[PDB]
Structures are given as structure tokens and as C-alpha cells.
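**Student:** One structure is given below, represented as C-alpha cells, and several questions about it will come after.
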Amino acid sequence: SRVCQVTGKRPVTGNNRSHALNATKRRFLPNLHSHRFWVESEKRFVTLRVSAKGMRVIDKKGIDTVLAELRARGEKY
Amino acid sequence: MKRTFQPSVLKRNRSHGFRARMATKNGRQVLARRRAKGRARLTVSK
Amino acid sequence: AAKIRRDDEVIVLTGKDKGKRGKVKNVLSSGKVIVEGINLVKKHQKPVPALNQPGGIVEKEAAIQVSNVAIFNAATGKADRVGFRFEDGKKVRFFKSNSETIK
Amino acid sequence: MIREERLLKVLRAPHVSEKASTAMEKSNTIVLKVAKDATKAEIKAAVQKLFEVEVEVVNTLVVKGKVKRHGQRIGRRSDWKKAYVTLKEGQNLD
Amino acid sequence: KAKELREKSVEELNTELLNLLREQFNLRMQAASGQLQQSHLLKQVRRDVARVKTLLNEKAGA
RNA sequence: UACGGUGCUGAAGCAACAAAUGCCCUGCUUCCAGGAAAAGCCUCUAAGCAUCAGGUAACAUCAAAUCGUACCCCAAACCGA
RNA sequence: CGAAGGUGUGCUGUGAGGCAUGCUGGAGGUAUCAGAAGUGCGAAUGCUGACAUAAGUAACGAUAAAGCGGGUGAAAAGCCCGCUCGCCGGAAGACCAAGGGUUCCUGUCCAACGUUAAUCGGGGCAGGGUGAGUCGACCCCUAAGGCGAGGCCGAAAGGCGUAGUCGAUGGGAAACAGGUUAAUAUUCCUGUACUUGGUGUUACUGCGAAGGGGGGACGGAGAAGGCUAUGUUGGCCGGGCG
RNA sequence: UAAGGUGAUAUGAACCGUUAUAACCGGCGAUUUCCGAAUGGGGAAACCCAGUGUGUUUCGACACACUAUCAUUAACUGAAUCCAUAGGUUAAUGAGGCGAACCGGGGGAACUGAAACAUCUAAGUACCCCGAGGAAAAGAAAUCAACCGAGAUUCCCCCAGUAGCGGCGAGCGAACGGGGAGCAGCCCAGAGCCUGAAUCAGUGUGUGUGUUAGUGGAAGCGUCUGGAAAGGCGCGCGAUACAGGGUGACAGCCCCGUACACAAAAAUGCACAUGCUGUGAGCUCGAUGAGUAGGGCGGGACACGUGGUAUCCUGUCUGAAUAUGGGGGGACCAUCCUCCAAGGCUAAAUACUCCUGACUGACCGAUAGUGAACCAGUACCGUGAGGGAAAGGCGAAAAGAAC
């Protein structure tokens, strides 16, 4: 399911409004990506389906912290 | 003239019987509804 | 706590056999008693070969409402009402009029 | 090895009928009503213990219940298991 | 009869139960034929058996 | 002889010819459009076990439970009120 | 000493109506003045029930076809028995699957059901009847396909699918002849068989699978040849002499 | 609690019982086949087929227990690959399914209205999905207000069909402020001192008070009509009881009840009281929630349709200050006022009734009232989802009509 593992970003619904304001239902998918993250402590790559925002967050904090958070949440990685 | 109903017990059971109903969510719902109603024969099952 | 019982002599307050007396024969769960000799009906008994019944116009005792009878107090010479009380850790019936225990 | 208690429960009744009578007389075969769950072996065991008589073989069958009508209301009689039990030659049963 | 049967051993109980069962069986056999003209007996026997069973259960793990 | 039947009894019981669309035939011949699977079955060994089990050999004994078995079934019993 | 309701009668009011009273009915009714409305029906191809009309009319469901004697009975065109007649006979016969689920057999009954009558019935009521190591299911094996641990995917529900596990309409051990019941029979009985499991044996001595190989294991058409089922004729045996 | 019982159509048979293990009623137990989440595997629900172990055997076989999946934790084991990790086998704990409405969240129509129709409306309605609880949600100001002040949330009446929004159409529709119901505040981002200090949950004990059987419970006779009196006519009596129901016509006094007064071996709810287990209070010093606030692009929510549009949410790309700081005060700026976001918890007033008990009705009385007064979600119809009837009344008593 299209869900950022770090941030929790799901798809959200919304509208296409036309020039004549014709609402039609649409989704807004997150910008997900499966990326191998190097974990310096464990000395292995951990694959994560993550948003670009997720990636940014990881960069900011440190992958380890993110991993810990995930674990706390009860999420496999 | 070959009329529409051409009975076959196995076919009936597979189609409509209890286990089939159980198997899916919608089937389950149907069963529940029947129960609520008070049906004596909950399913096609003899 | 049933005021009339199997072997009580009762007097009839209402009906065709009003004023008459008789021993209760038996008391039914429906709230009716059958009293000896009181409420009589001439049933036409249908014969049956089995059970050795000849079949005829048998005059038998129909039931009567318990409310319609009353326990007779021999002392007063009248019908009385029954009350309940505990004598020596045991419940007993007593005549409301004269307050004496039923024995 | 069948339990004594079980054995006692197995056998429901003797079955009286013309056919049964014939079986008894000619083929030395008794016709019993038995528990619907009672297997052949169990039945045989019951017969041996409870009637004190050697058994050659037991044939069983399930009798289906008749559908009846008591006034306006429909209703089915119960199914029940019949057993032809063939006793060994010379075995006379009371 | 339960108060009387309570003052017994397990083995004793079991034997009694067996006897009761046998009796019941006999009754059934008779009942099916035209022998038994005392129907209440069957009712009694079953009840007795039940009581015995109950007692046994009480004794063993209760 | 309960006119339903029951019990006893019982001769010959061969040959020739004809003959399937059935069997040999899951064969043979041929054609192209090129014609299930898996187990039972036979066999080979591995890890193993090793002078035990297991295997085949006959012989003895035990075993085969459970459920279906009535009746209609080109139809008055199934699908068509 | 007769309520409501039902049904007549008489009187009365401009009307919707009202009052009185006979019969029926057998226990409730309600003045007055106020109050509230599921408050008034002839229509809506209105809805429900009842009952008319056509009308004792059409029809009584294959144009295979009946006739008579006897029986039983309250009663016989129809039931049972008999003798004729006629119809089907690659079926309108026999045996199964599917489907039905007691319709089977016996006794008994004829209100209803049966397009008539019915003593009869697949109708009512009661009782009886279905016997398996070898037939079929179950079981072992798989096909199309289904479900599917993990898994991949998906707002949720869920989708797809691996290992697997289910799934016959296909592959996989074994029984025949006769006799018998009112109704079952490759199931009962009589005779004569077969199968694959254990267990124990003595005799021997390489056994062992989730693996390897073989086998199972396969199309259409055509052609014969060898056979049998089966039939015909003769012989034989029994009976016959019109 | 008892002198009567063995449920009903429904009698009979065979029996039990009468002063106390007959029956009946209530507490706590026991038993509790198979199917069903169904859970040992399978399956055409109520069936088919196992494995393992422990005991027995008359050695033919029995019995009875365990054996689902996922999550979590632990133990042992363990690849490619050295260590590891993945994986694997056990063990313990929890979950699963069902259920009226109410509740929160994830998705989300159209008919219709606009006298057409597309923005708009219908409507975040119907419906589908997930989750929870007896309630839920919300909740302790980065809130309003207006230079005066208020002081968390929720709910009711006003404010007001106002201000606004709006093909400025149809329609939508606040807030401020006021009156009420009810009111409660706390903890972590962290370490020092002191050490068991308030509170909460589970769990025993004690007290009070319910609940689950029950007990007692007043007082009327005569006469006339009549099938029968409870009616008429007489004369009485009870009433903290003239609620109601029954009894051969209408009964305060015939019966059951009613007012009132009492009752629990056992189980159990709620209050306080108390013990034990976990939990830490008060004090000083601080610290004070970053891919966050803001911004751009796209949507959605706010009465508010992008409009001059504040505020909230975020799919996307960015991105501060960090109390000498930051948020808000309906574009925006300056001044002032006011609050402290980016972590949590929290009773009450509020919503609902599958269900239990009691009581009430200018509610229905068999074509009404539930579809269903009656063996009705039945018969019957439909492959199925599903649809779905009709049908109450003898009499006071069967005395149900012997012959």
C-alpha cells in the first residue's frame, strides 16, 4: 500500500477542478521510493519504501533514529 | 423445452451453500442478514 | 399459603349448590377445587370396548372455583375467612372470625 | 476392546416383524435396533457379552425416518440403525 | 439417594454405576417387548445413574 | 391346497452354419491438425542402520470400518404452476 | 324488568339527522356542556374479502379400441379374475446415472385430491421394507479450476500468487453362478472363488526417499483377419395324432 | 416454599409425595453430542481423514489429552558468509467471531432543487470499510476580547434567518456577546534534594445499601329478580389498603393482590472504611516539543464558492526564529493587547436501546395494531440475494350431545 514508512504519508483524496469548476474526485499519491539505506551501526543496507520527505527526515535525524522510531511503532524493516 | 432450472446438488452447494457463503465477506453478511430476519433455513444446505 | 386444601370441609358461597356443604375431594392447579357431592353434571359417557367401560349417562362432580367456596368453621355454624400465622416456628391457618386455629 | 458401559448403551431393542421372525427361524439371525453410532464390531461385542451367544457376523443398515402429518403440521420420525446379527450354528437365543 | 451414595469409595461407586447401567439395559430390553408394565422404573434408573455420575465427578477433581 | 402358491421330482442338455457396431485392438496401416496429469506398480540408490530392523518365502491366524442400497428414472415420482 | 350491535314500525325536524317502540341480541352504554380528531366514500383500470354474470355453456389433455362372463360391493364402462380384441416392440420393453426422497410392499378408509364413478390409486391412516472385504461413495492420485503460510501488491475492504492443499468428468486391489422375500440382493442363503493389509513364523539376507529412471501414458480416419455375444437349421429328449 | 406433583397441544398409563432430600422458585456448582470464529488437516456446515504422547487389553483394540493462524516476548537452533542477520523448532501471553442503535475515523453517490443546465444544491446525506466504548469524541488557550475584561471541553435557550457567503440565483448561514446544565484539572520532555507524602488501578477484608427466591397483609351479611349476584332494596364494618386483575351479570370487605411492615445459606453491583501489590506527592534548579512554524504549487475544511480573504488541514517542493524569541487579533503594515504551536492524559452535564423490571396513554382492538394476537419470517414464491401471506372468539362450566 502506497505508504511512506518513515512519515506515514498515505494517498489523500481531492478534486480536479476545471476552468468551469467541474469537481471530479482524484487522489494525491505520495512521492514514494524504495531506497537502500546504509546503517553504519549494524553494517548493512536496510531497504525502505519512503517518501522524498521521508528521505529528507532521515538525512536530518539519522537513519538509526528513524529505524528506532519505526520499531517503536511496531513496523518491520 | 429445456427449462431454466436443471438441478444438480453439488453445483447448488458449491454455488450457494453454507461453506461458500462463509468463504467470502459478502456471503457472511448475507448469512448475518438472514439470521437477523429469523430465517429457519439459513442456507441452501439441506 | 393456600387457604383451602384437600381434606377440608367447605361451604359454597355461590352458584346452584350455594349454601350446601361438602368435603374437598381434590384441588386443581387451575384455581378450582372439586368438592364431594356439590357441583354435579350428567356426562354422556361414550362407550369403549377396551378398558371395560359400558358407557351411559354418568352423574359426576364438575369443578368449582376456589373463590366460590369457603372454609366452614364448625363452632360459629358459618363460613369464615382464613388467615395465616406462625405458631412454634410453623405456619398455621386460623379462622378470622373467632381467631381459632384450624385443626 | 470395547468398554462395558459403551456396550450396554449400544443395543436398543429386538425388532419384531415377519421378516425378522423368518430370519430368526431359518437363518439363525436376530434383528436388533441399535444405536445409530454403533459400529458392527461394537454391536457384535454387545451381543456376545449381553446375550451370551457366539456371533458369526453382523450386517447393519440405517432405516430412514418416515415423514408424517399430525393434523395440519408436518413432522419426521427419527432415523435408526437395524442390525441383522447372524449367530453361529446351534446357538439358541432366549 | 445421593446422601447415602456420598459415603462410598470410588471403586464402590463404579461398580454400583455399572450395576445400574445393566439394570437400565434389562429394562430397555423388557420395555421393547410386552414384559415391562412399570414404566417409571426406567425413569428412576437413569436418574440414579446420573446421580452416581455426579458423585463420581465431585469425588474426582472438584 | 388359505386357489396366492408350497413340497417332492426331473429327460435330453449335442452338432453344424451364420454372425456384430461387442472383444483381440491402449493393436496394425495411414494422415497431419501431431494427440492430459499424478499416484498406485516396477526399479535405482542417498542420508541412514549394521549382524537389529527392514526386505521375499511360504504357512498360520486376524482384517477390511463408515455411508449408499426401497421405488420412479424419456417419466403420473426428475425440469416444465 | 335486557346494553351495544342487527332488523321492522310509527312519529318528528328546512337538511345532515333525532326520538320512541316490536322482534333479534345477551353486556355493556352514556345525557349535558366543553375538549381532541385515523370524523363521514359511489367512482381513483383504487386495495382486501365475499358473491354474481356468461352457463350448467366450453372443455374433460393425442383418433392405440374395445367386447363379454364371473367376483367384490350400498352401488361397477373404469377395480380384481378370466377369455377374446387392439397398440408399442432401437419401445410406449429392461437396467442405471442425475434429480426426487418412501412415491416401494401389506392391511385398511373414500370426506378432500383423481378433470366422471370409484370398491381403485403415486390420495388418507397404520404397519412393514433398503443386509456388501470384492457394486458405488469414502479412500490414494491428479486435470480444468479453486483456496493459499510466508510473499508481492493495494485508502480500507481486498487483488495476485509460492510452498502447499483441495478439486472427476479421468488413473488406482478383489466375485461369480444358482435359490430366496409381499416388498433387498453381485449385499441374505447354497455352492465354488479372489484381494491387500497387518500380526506371528520358520527360511533367508541389503534394507532404506520428500530424490533418479521406467511405467502408467493416451489423436483422427481406414482396413481387414481371428473371435465371441446372439441367432438359424439339423440331431437329441419330452409331449402331440387333431 | 410446600400438599400437591411427573412442561404444552392432551388425555390416559405407570408412578412419586403430604411436615419434610415430592413438585415448584432462587444462588453456587456438575454435565454440556455434532456444526459454527471453529482452531489437528480437509470439506458439498452439522461430515471425511490423521499425527503425537500417556494409560490399558480378554492383545481384536480402546480411552483421553494435545496438535490452527497471526502478533508479542523468551529459549534453543541457524544459511548464502568469517562473525552476524534472515530463516527454523519449541514455550508462554494476547488476539480472532457475533451483536440493535449511538460514537470516532477512512472512502463517498445520484435522483432532486435551481421551474432547462454545467458552478451551486441534494450532502459529507445514503451507502461501503476500519476501530472503540458504555458512552464515544473533545478538553486545560500559541482561545476569545477590545485598551474593559473573560478564563479547558461538551450540551440546551438566545444572539439571528442577523453578519456574511451565493450562476449575489436556487439556496447556504455564522460568530461576538448573554442566560443556563455541569464544572477538575494534571503529567512527560530531567536532574538535585528529601523518601513511600496526595491520586489511580487491580485485589482481599469489613460496613451500609440495593439486585437475584420470598413472608405476613384489614373488613359482609340478609333479602328480590335471575341460569348464576359481584346488580336492586335493607342494615353493617375496613381503609397509610377504593391500584389492578379474577370469580356463573357491575365485589373495598369471596380469591389473588394493593398500602404498610419484614426476609437471604449463597452469589453479586455501587458507595465509603481498610490491608497488600504497583504508582509516585511537596521543594529547588532548570529545561520549555524542527523537516516543525512559515512560504510556493494543487486540493480540502472553516457559514465564507479565490474573492480584497484572514484561520485550520496537507499531496508536492522548500524552510526559520527558538523567549532579547514566536503565534493570533479576518488582505497588509505600524502600534498596543493577548497567548506560548510543533508530546500526552482527564470525570461531569451529551447521544442511543438488541435487552431487563416497573408504571402510564383523549394510542390500535383482528382489512386496525408489529409482516406476525393463531407453532410467522412459517406456508408459499424465487438458482440466489430476496420476497412473504392468510388464519383470533362454543359455553359460567365440556355438562362436547349415552341411547
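Order determines the names: the first chain of the C-alpha cells is A, the second B, and so forth; residues in each chain are numbered 1 upward, and ligands are numbered 1 upward as they are shown.
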List as a PyMOL selection string the protein and nucleic acid residues near residue 66 (chain F), meaning an atom at most 10 Å away when only C-alpha atoms (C1' of nucleotides) are counted, but skip any in the same chain fewer than 4 places from it.

**Tutor:** (chain D and resi 39-40) or (chain G and resi 138) or (chain H and resi 48)

**Student:** Write out as a PyMOL selection string all residues of region 4-38 of chain D that backbone DSSP assigns to alpha helix (DSSP H).

**Tutor:** chain D and resi 4-10+18-22

**Student:** Give me, as a list in words, the residues of chain G touching chain B, with the criterion being at most 9 Å (counting only C-alpha atoms (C1' of nucleotides)).

**Tutor:** residues 98, 99 and 157 of chain G

**Student:** Which residues are close to residue 206 (chain G), i.e. within 12 Å by only C-alpha atoms (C1' of nucleotides), leaving aside same-chain residues fewer than 5 positions away? Reply as an NGL selection string.

**Tutor:** :F and (45 or 49-51 or 53-55)

**Student:** Go ahead and dump the residues you just picked, N, CA and C atoms (P, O5', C5', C4', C3', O3' and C1' of nucleotides), as a PDB file, in the first residue's frame.

**Tutor:**
ATOM      1  P     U F  45      21.213 -50.325  -6.202  1.00  0.00           P
ATOM      2  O5'   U F  45      22.498 -49.639  -5.563  1.00  0.00           O
ATOM      3  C5'   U F  45      22.406 -48.836  -4.372  1.00  0.00           C
ATOM      4  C4'   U F  45      22.276 -47.374  -4.722  1.00  0.00           C
ATOM      5  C3'   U F  45      22.333 -46.430  -3.536  1.00  0.00           C
ATOM      6  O3'   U F  45      23.676 -46.172  -3.144  1.00  0.00           O
ATOM      7  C1'   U F  45      20.499 -45.845  -4.915  1.00  0.00           C
ATOM      8  P     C F  49      23.260 -44.150  11.779  1.00  0.00           P
ATOM      9  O5'   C F  49      22.624 -45.602  11.914  1.00  0.00           O
ATOM     10  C5'   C F  49      21.274 -45.773  12.382  1.00  0.00           C
ATOM     11  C4'   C F  49      20.729 -47.109  11.942  1.00  0.00           C
ATOM     12  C3'   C F  49      21.393 -48.336  12.573  1.00  0.00           C
ATOM     13  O3'   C F  49      20.591 -49.129  13.448  1.00  0.00           O
ATOM     14  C1'   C F  49      21.203 -48.581  10.199  1.00  0.00           C
ATOM     15  P     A F  50      21.282 -49.885  14.698  1.00  0.00           P
ATOM     16  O5'   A F  50      22.008 -51.127  14.010  1.00  0.00           O
ATOM     17  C5'   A F  50      23.432 -51.148  13.748  1.00  0.00           C
ATOM     18  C4'   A F  50      23.750 -52.268  12.777  1.00  0.00           C
ATOM     19  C3'   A F  50      24.985 -53.122  13.083  1.00  0.00           C
ATOM     20  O3'   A F  50      24.607 -54.421  13.530  1.00  0.00           O
ATOM     21  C1'   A F  50      24.790 -52.614  10.743  1.00  0.00           C
ATOM     22  P     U F  51      24.373 -54.690  15.093  1.00  0.00           P
ATOM     23  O5'   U F  51      23.964 -56.229  15.137  1.00  0.00           O
ATOM     24  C5'   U F  51      22.739 -56.701  14.541  1.00  0.00           C
ATOM     25  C4'   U F  51      23.027 -57.776  13.520  1.00  0.00           C
ATOM     26  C3'   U F  51      23.367 -59.146  14.103  1.00  0.00           C
ATOM     27  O3'   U F  51      22.226 -60.004  14.041  1.00  0.00           O
ATOM     28  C1'   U F  51      24.691 -58.573  12.173  1.00  0.00           C
ATOM     29  P     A F  53      14.850 -57.629  14.555  1.00  0.00           P
ATOM     30  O5'   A F  53      14.372 -56.138  14.845  1.00  0.00           O
ATOM     31  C5'   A F  53      13.339 -55.508  14.056  1.00  0.00           C
ATOM     32  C4'   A F  53      13.898 -54.317  13.313  1.00  0.00           C
ATOM     33  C3'   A F  53      13.092 -53.824  12.115  1.00  0.00           C
ATOM     34  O3'   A F  53      11.999 -52.984  12.475  1.00  0.00           O
ATOM     35  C1'   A F  53      15.478 -53.694  11.757  1.00  0.00           C
ATOM     36  P     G F  54      10.576 -53.166  11.746  1.00  0.00           P
ATOM     37  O5'   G F  54      10.906 -52.801  10.230  1.00  0.00           O
ATOM     38  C5'   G F  54      10.591 -53.683   9.132  1.00  0.00           C
ATOM     39  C4'   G F  54      11.349 -53.251   7.898  1.00  0.00           C
ATOM     40  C3'   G F  54      11.217 -54.153   6.679  1.00  0.00           C
ATOM     41  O3'   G F  54      10.074 -53.821   5.894  1.00  0.00           O
ATOM     42  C1'   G F  54      13.500 -53.793   7.123  1.00  0.00           C
ATOM     43  P     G F  55       9.108 -54.971   5.323  1.00  0.00           P
ATOM     44  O5'   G F  55       9.921 -55.551   4.084  1.00  0.00           O
ATOM     45  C5'   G F  55      10.100 -54.785   2.877  1.00  0.00           C
ATOM     46  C4'   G F  55      11.184 -55.398   2.023  1.00  0.00           C
ATOM     47  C3'   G F  55      10.900 -56.805   1.508  1.00  0.00           C
ATOM     48  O3'   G F  55      10.192 -56.778   0.268  1.00  0.00           O
ATOM     49  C1'   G F  55      13.047 -56.741   2.508  1.00  0.00           C
TER      50        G F  55
END

**Student:** In Å to one decimal, how far is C1' of residue 68 (chain G) from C1' of residue 86 (chain G)?

**Tutor:**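 Going from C1' of residue 86 (chain G) over to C1' of residue 68 (chain G) covers 15.6 Å.
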
**Student:** With a cut-off of 6 Å and counting only C-alpha atoms (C1' of nucleotides), select all residues of chain H in contact with chain C and give the selection as a count of residues only.

**Tutor:** 5

**Student:** Compute the chain H side of the contact with chain B at 6 Å, counting only C-alpha atoms (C1' of nucleotides), and hand it back as a PyMOL selection string.

**Tutor:** chain H and resi 44-45+377

**Student:** Atoms to include: N, CA and C atoms (P, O5', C5', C4', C3', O3' and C1' of nucleotides). Write the selected residues as a PDB file, in the first residue's frame.

**Tutor:**
ATOM      1  P     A H  44     -16.173 -27.452  -0.196  1.00  0.00           P
ATOM      2  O5'   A H  44     -17.651 -28.033  -0.152  1.00  0.00           O
ATOM      3  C5'   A H  44     -18.730 -27.190  -0.551  1.00  0.00           C
ATOM      4  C4'   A H  44     -20.044 -27.895  -0.362  1.00  0.00           C
ATOM      5  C3'   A H  44     -20.275 -28.549   1.002  1.00  0.00           C
ATOM      6  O3'   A H  44     -21.592 -28.249   1.454  1.00  0.00           O
ATOM      7  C1'   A H  44     -20.728 -30.082  -0.732  1.00  0.00           C
ATOM      8  P     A H  45     -21.951 -26.827   2.112  1.00  0.00           P
ATOM      9  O5'   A H  45     -21.484 -27.004   3.619  1.00  0.00           O
ATOM     10  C5'   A H  45     -21.992 -28.086   4.405  1.00  0.00           C
ATOM     11  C4'   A H  45     -21.442 -27.995   5.799  1.00  0.00           C
ATOM     12  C3'   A H  45     -22.122 -28.893   6.820  1.00  0.00           C
ATOM     13  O3'   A H  45     -21.447 -30.142   6.730  1.00  0.00           O
ATOM     14  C1'   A H  45     -21.961 -26.684   7.665  1.00  0.00           C
ATOM     15  P     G H 377     -41.396 -16.147  13.811  1.00  0.00           P
ATOM     16  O5'   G H 377     -40.339 -15.249  13.027  1.00  0.00           O
ATOM     17  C5'   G H 377     -39.402 -15.830  12.095  1.00  0.00           C
ATOM     18  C4'   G H 377     -40.079 -16.122  10.777  1.00  0.00           C
ATOM     19  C3'   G H 377     -39.179 -16.659   9.673  1.00  0.00           C
ATOM     20  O3'   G H 377     -39.954 -17.555   8.890  1.00  0.00           O
ATOM     21  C1'   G H 377     -40.167 -14.682   8.944  1.00  0.00           C
TER      22        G H 377
END

**Student:** Mind checking which residues fall within 12 Å of residue 23 (chain E), counting only C-alpha atoms (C1' of nucleotides), ignoring those fewer than 6 positions away in the same chain, and posting them as an mmCIF file with C-alpha atoms, in the first residue's frame?

**Tutor:**
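Below is the file result.cif, written as the result:
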data_model
loop_
_atom_site.group_PDB
_atom_site.id
_atom_site.type_symbol
_atom_site.label_atom_id
_atom_site.label_comp_id
_atom_site.auth_asym_id
_atom_site.auth_seq_id
_atom_site.Cartn_x
_atom_site.Cartn_y
_atom_site.Cartn_z
ATOM 1 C CA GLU D 5 -20.606 -49.210 29.704
ATOM 2 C CA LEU D 8 -24.651 -51.702 27.343
ATOM 3 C CA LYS D 9 -25.672 -48.489 25.595
ATOM 4 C CA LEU D 50 -25.089 -59.249 26.861
ATOM 5 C CA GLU E 16 -22.787 -49.528 41.559
ATOM 6 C CA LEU E 17 -22.921 -47.419 38.402
ATOM 7 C CA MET E 29 -34.929 -54.981 26.661
ATOM 8 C CA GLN E 30 -38.122 -55.734 28.578
ATOM 9 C CA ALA E 31 -39.726 -52.441 27.591
ATOM 10 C CA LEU E 41 -38.638 -47.762 36.683
ATOM 11 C CA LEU E 42 -36.724 -46.687 33.584
ATOM 12 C CA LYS E 43 -37.033 -43.048 34.611
ATOM 13 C CA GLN E 44 -35.755 -43.873 38.088
ATOM 14 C CA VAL E 45 -32.770 -45.856 36.841
ATOM 15 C CA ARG E 46 -31.486 -43.130 34.533
ATOM 16 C CA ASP E 48 -29.869 -42.870 39.672
ATOM 17 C CA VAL E 49 -27.144 -43.287 37.065
#
